[PDB]
């Protein structure tokens, strides 16, 4: 229990550091820019709360012979569409296309959560639904959204592509962790699972945020 608790506290601290840095960076509150900072505060702030809750030993749900971390999935349901929103803003995406990518994202996270909570082998059908919706989300990120980003200045398009790449490459690792970890075949221990996810969560949220902060200043 000590290892898992320690990892969750590290996640909480890293998320808190991001949250404070984004809130501070955003204080200037430029009318067009404010939205991006508030979104980053929401992304890392919600994650921080989730990690604190888990560190305190809340929401460790036993499912068959594994443990499900409910706050992790609730976190993702809330924070991943905020990341997609940030990317859609950057890309200058149209309202229909925003709706599509937010829908596909929500399918991924709901299917992953539901799958984690189903004891039997039918849970892999839920994983599959999420994997299919994720391929759709990736298509949008690398296709239509990238085309949309090209209508922006070269610097904004470069930022879009940088954050798009970070997002696509790291998000693609999560389903493999689900499959190899406790929700799937339970090869990886809960500690190894949590350690990998803490890194990935921190980079996809706080790393993502610092990359945007850097580009915003350099712009």
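Between two forms, the rigid core is defined as the largest C-alpha subset superposing within 1.5 Å. Numbering follows the first chain given and starts at 1.
Core-fitted comparison in 7 other deposited structures of this protein, 90-98 vs 145-153, farther C-alphas: Higher average C-alpha offset in 7 other deposited structures of this protein goes to 90-98.
6-14 set against 196-204, stretch whose average Cα temperature factor tops the other in the entry: The deposited B-factors put 6-14 ahead on the C-alpha mean.
62-70 or 36-44, whichever carries the higher mean Cα B-factor: The recorded data point to 62-70.
Per the PDB entry, maximal CA B factor within 134, 98, 76, 140: The listed residue with the largest C-alpha B-factor is 98.
Member of 184, 190, 175, 57 with the greatest C-alpha B factor (per the PDB record): It is 57.
Assigned third (lowest, middle, highest) for the C-alpha B factor of residue 29: Within its chain, residue 29 is a highest-third residue by C-alpha B-factor, going by the deposited values.
Chain-relative CA temperature factor third for residue 156: Its C-alpha B-factor, which the entry lists for residue 156, ranks in the highest third among residues of this chain.
Residue 87, C-alpha B-factor rank within chain (lowest, middle or highest third): Middle third of the chain for residue 87's C-alpha B-factor.
Among modelled residues of the same chain, the CA temperature factor third for residue 165: As the PDB entry reports it, the C-alpha B-factor of residue 165 lands in the middle third of its chain.
Residue 118, C-alpha B-factor rank within chain (lowest, middle or highest third): Middle third.
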